[PDB]
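Student: Last residue of the sequence shown: 744 in the working numbering, with the numbers rising by one and none dropped.
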Amino acid sequence: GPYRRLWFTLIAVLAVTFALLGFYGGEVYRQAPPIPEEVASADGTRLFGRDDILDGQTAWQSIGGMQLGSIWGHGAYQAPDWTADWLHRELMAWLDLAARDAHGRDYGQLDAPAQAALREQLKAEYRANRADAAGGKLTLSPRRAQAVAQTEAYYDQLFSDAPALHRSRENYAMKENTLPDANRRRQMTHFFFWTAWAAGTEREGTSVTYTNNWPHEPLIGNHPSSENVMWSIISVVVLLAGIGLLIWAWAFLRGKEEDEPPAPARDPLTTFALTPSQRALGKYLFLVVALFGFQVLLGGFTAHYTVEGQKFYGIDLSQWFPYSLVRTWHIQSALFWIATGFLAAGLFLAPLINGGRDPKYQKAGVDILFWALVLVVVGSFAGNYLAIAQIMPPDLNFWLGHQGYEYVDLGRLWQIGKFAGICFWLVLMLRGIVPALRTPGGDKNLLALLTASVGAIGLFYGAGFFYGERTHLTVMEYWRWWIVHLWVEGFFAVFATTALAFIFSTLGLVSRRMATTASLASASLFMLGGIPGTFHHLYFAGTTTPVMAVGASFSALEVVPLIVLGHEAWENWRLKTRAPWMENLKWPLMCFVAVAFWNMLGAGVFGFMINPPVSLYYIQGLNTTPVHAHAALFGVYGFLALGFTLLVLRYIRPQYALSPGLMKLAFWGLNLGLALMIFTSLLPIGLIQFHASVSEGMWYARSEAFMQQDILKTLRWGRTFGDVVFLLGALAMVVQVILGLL
Ligand code: HEM
Ligand code: HEM
Ligand SMILES: [Ca+2]
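#1: Measuring CB atoms only, is the stretch 550–559 touching the stretch 523–537, in the sense that at least three cross pairs come out at less than 8 Å?
#2: Decide if the stretch 183–197 is in contact with the stretch 20–34; the criterion is three or more beta carbon pairs, one per stretch, under 8 Å apart.
#3: Measuring CA to CA, which of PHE723, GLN657, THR716 is closest to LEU743?
#4: Straight-line CA distance for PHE372 to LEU649?
#5: The alpha helix (DSSP H) spanning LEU354 covers which residue range?
#6: Closer than 5 Å is what we want: which residues have a beta carbon that near any heavy atom of ligand 3? List them in chain order.
#7: Please state whether the Cβ-Cβ distance between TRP74 and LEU488 is less than 9 Å.
#8: By alpha-carbon positions, which one of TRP583, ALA352, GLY367, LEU70 ends up nearest to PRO437?
#9: With a CB to CB cut of under 7 Å and the five nearest residues on each side skipped, what residues in its chain are close to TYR79?
#10: Is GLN622 close to ligand 2? I mean its beta-carbon at under 8 Å from any heavy atom of the ligand.
#11: Hey, would you say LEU124 sits closer than 9 Å to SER43, going by beta carbons?
#12: Is any heavy atom of ligand 1 found at a distance shorter than 8 Å from the C-beta of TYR619?
#13: Going by C-alpha distance, which of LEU120, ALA86, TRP88, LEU635 is nearest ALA101?
#14: Under the DSSP definition of a beta bridge, which residues are partnered with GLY51?
#15: Would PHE294 and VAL736 qualify as a contact pair, given that the criterion is a beta-carbon distance under 9 Å?
#16: What span of residues does the alpha helix (DSSP H) with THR85 cover, start to end?
#17: In chain order, what residues of the same chain lie with their CB nearer than 7 Å to the CB of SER326, ignoring the 5 residues before and after it?
#18: Can you round the beta-carbon distance between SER521 and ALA503 to whole angstroms, since I take them to be within the 8 Å contact cut?
#19: With a threshold of 8 Å, are at least 3 pairs of Cβ atoms found where one atom belongs to the stretch 440–451 and the other to the stretch 506–525?
#20: Nearest to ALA336 by CA position, among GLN321, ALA292, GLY311, is which residue?
#21: DSSP on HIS218, reduced to helix/strand/coil?
#22: Buried or exposed for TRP250, going by 16 or more other Cβ atoms inside 10 Å?
#23: Compute the distance between the beta-carbons of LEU160 and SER170, then report whether it is under 9 Å.
#24: Could you check if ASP87 belongs to the surroundings of ligand 1, using beta carbon to heavy atom distance under 8 Å?
#25: Is any heavy atom in ligand 1 found nearer than 8 Å to the beta carbon of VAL739?
#26: Can you tell me which residues form a DSSP beta bridge with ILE73?
#27: Using 8 Å as the cut-off, classify the Cβ of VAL290 as near or not near the heavy atoms of ligand 1, replying yes or no.
#28: How many angstroms separate the CA atom of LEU377 from the CA atom of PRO38?
#29: Per DSSP, which residues does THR211 bridge with? Please list them.
#30: Can you tell me whether residue 1 sits near ligand 1, meaning its C-beta is under 8 Å from at least one heavy atom of the ligand?
#31: Measuring CA to CA, which of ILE654, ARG440, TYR480, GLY460 is closest to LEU271?
#32: DSSP three-state call for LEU398: helix, strand or coil?
In structure tokens:
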């Protein structure tokens, strides 16, 4: 900063947060539920081992991973989640094989005090089944061994083209094989047994399991405990005492000197000239909206994989395009186009903060970065296509294929290329910011914090390394939930708040210090408080008690920093028409209105409805997390990047008219279509399934016996009537930007 002090203080935030990453990966490591060495059966024969568990984990990553269904509730929703259908089916196989050698009959054919005496023998056996003090053994009973090997045949038939199971495979939306080799089936069933055994086993000393008795399961007695509701109400106190103290600290710092700055009659951005490196951004804005159209079309294709079969009113080509591939594409291209629009907006604003001046050979660097981004997208999608089609031996699929985890499934070579592209954009950022801190001035307060936050976003992406493939599941989900604790909570939030502060300072609708306070707030809440909200999702996958104590109180802390609005766009907008050129910026602003609207709809109401764990116990893995994702991601950041897209369209084609009249439809159709496919189809399905999962159980909500009750069948067939409206709105937005590019 003054003597390269502030720029050098960047390493200290990285070091503190990386010590916090190291110390919590250290506790998760070995604080995890253990993979035992070998499955010791009681008769005297051995079973499979950690090599088979690791290779079945790799085979499960090869077939889609969390894009078929889910393990422990995090993932996909149109297939039964492996941890609960296996648990319920293993339980029903055990009751059949326990009624066999005692009565010879079925389960439900017996009376209820007999079912209760077998369930109390079940809780005499399942609440104590461990190793030799993490000694690697099982001591598995032969009755449980015959039950696991009997329910093993079901999943050997679910992926081996069984002709009697077309009533289940496409009804669960898979391709006819999904895994052609037989040892791979034998290892994927061993992996499923381990994940549903680590649920069905109490923790050492305590009476709680390793995943805190994850499904609602009365037949094993999985009722959520006392400290669950205690820490839930503690989290509610933390949420309420966070919002109020932030409003109190905002109100007791809004006491300005009433400066009242006058708005100039022109726009200080358009008064300066245009570099060719600015004029070379039409290709970026084409790639942004091209990937957006690709993403909505793919989304309509997974919509038809949800309602109907794999043939699409003809003959099926889904043998080359399964459900996991189109969901990976929908998920990765969504994150990619949302990130590239903001990356383009940042590289737009970066020379203009520098008085328009540019570094040496800038347009060529912008072009190499552009072709690098298109190359990484196409290679990642080709790797996903080659990996799901089993055109890859199980050795480079982790490196050069679909990795298998939501939002991180890109291959490690393509992840290295994406990290290198983000560092090259970092280079173009420091080449635009440096020249503006080397000048003698007094604006060193906000800009050093902005440098540390941009350095943090990317230099915490060194955490996309430091995990291999052959790792434990929960350690990975600590790291998978570390990614999305910054991939949306970081430079979508913090970058779009500071870019919003730059826009509202240039329009003069902020006091140019509340922007600083907000930026300072949205900076510090994520650089100092960015670690521990991961523990609101890891509490259901391997906590101990001080981990649960930190993760309930210290993970509700991410709710509060969002909205500077309410203090603009109701009074300042009331003071509108001061400047004539605002009629060109009516629509970019409208997006900034809608940004506020789904922030009181996505996270403002449905984010704390689903946050505390006794709420989260019955819903994690149901159709209320996509309710949160769909409303939250396009509802906030899907409008932030198209408002900036629209805004840099009006700043690179100023002579080209923005052609309104259709853009009102493209805006006021997109939001309403998103609200129609969110409030009318997905949320009622989630509440009826939620009522059935608290009534009957978690296994029941994902079964095909329940999802084909012809009410929620017609309600997801009626999902389509808002989706076509959203596609029409997106189509009109796309044609508007293409006609603007001329
Ligand atoms: C309007 C066209 C769209 C369609 C047809 C569509 C389709 C879908 C469907 C069906 C799901 C849930 C799948 C399931 O229940 O298993 C889903 C989830 C999701 N969609 Fe979309 N989508 C669309 C638009 C968008 C947009 C604009 C974004 C953001 C850029 C987006 C990002 C997501 C995300 C992040 C999820 C969460 C998936 C998960 O975590 O399981 N989608 N989409
Ligand atoms: C505004 C920025 C945010 C966005 C864009 C966002 C988006 C998402 C998405 C897409 C998911 C689904 C992850 C998955 O695929 O499994 C998710 C998970 C979740 N979010 Fe957020 N979120 C945000 C902030 C928040 C806030 C502020 C809260 C609560 C205060 C919250 C609570 C949750 C919870 C409890 C889950 C778990 C759902 C699951 O496991 O599927 N999020 N978020
Ligand atoms: Ca998911």
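Beta carbons are placed, not taken as given, at the ideal position from N, Cα and C, and that holds for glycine.
Tutor: For this structure:
#1: They touch, by the three-pair rule.
#2: Under the 8 Å Cβ criterion, the stretch 183–197 does not count as touching the stretch 20–34, having fewer than three qualifying pairs.
#3: Selected option, being the one with the closest Cα: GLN657.
#4: For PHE372 and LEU649, the distance between alpha carbons rounds to 20 Å.
#5: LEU354 -> alpha helix (DSSP H) spans 325–355.
#6: Near ligand 3, meaning a beta-carbon closer than 5 Å to one of its heavy atoms, we find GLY77, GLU408.
#7: The answer is no: Cβ separation not under 9 Å.
#8: Ranking the options by Cα distance to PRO437, first place goes to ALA352.
#9: Non-local C-beta neighbours of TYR79 in its own chain, meaning closer than 7 Å and more than five positions away in sequence, comprise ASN625, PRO628, ordered along the chain.
#10: At least one heavy atom of ligand 2 is nearer than 8 Å to the Cβ of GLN622, so yes.
#11: For the pair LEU124 and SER43, the CB atoms are not nearer than the 9 Å cut-off.
#12: Every heavy atom of ligand 1 is 8 Å or more from the Cβ of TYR619, so no.
#13: For the set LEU120, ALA86, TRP88, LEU635, the Cα lying nearest the Cα of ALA101 is the one of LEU120.
#14: According to DSSP, which records beta bridges pairwise, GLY51 is partnered with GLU40.
#15: In this structure, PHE294 places its C-beta atom within 9 Å of the C-beta atom of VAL736.
#16: Note, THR85: alpha helix (DSSP H), 84–102.
#17: For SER326, where only same-chain residues beyond five positions count, the Cβ hits under 7 Å are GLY66, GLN69, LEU70, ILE390.
#18: Confirmed, Cβ separation roughly 5 Å.
#19: With a cut-off of 8 Å on Cβ pairs, the stretch 440–451 is in contact with the stretch 506–525, counting three or more such pairs.
#20: Among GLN321, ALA292, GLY311, the Cα nearest to that of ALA336 is on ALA292.
#21: DSSP places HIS218 in coil when its eight states are reduced to three.
#22: By the neighbour-count rule (16 or more Cβ atoms within 10 Å), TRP250 is not buried but exposed.
#23: Yes, they are a contact pair.
#24: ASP87: no, Cβ never under 8 Å from ligand 1.
#25: Closer than 8 Å to some heavy atom of ligand 1: that does not describe the Cβ of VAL739.
#26: Partner(s): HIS76.
#27: No, Cβ of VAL290 sits at least 8 Å from all heavy atoms of ligand 1.
#28: The straight-line gap from Cα to Cα measures roughly 42 Å.
#29: DSSP, once it has assigned bridges, lists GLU204 as partnering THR211.
#30: What the structure shows of the chain is the stretch from 3 to 744, and residue 1 is not part of that stretch, so it cannot be assessed.
#31: Minimum Cα-Cα distance from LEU271 among the listed residues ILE654, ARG440, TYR480, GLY460 corresponds to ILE654.
#32: Looking at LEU398 - three-state DSSP - the assignment turns out to be coil, as it is neither helix nor strand.
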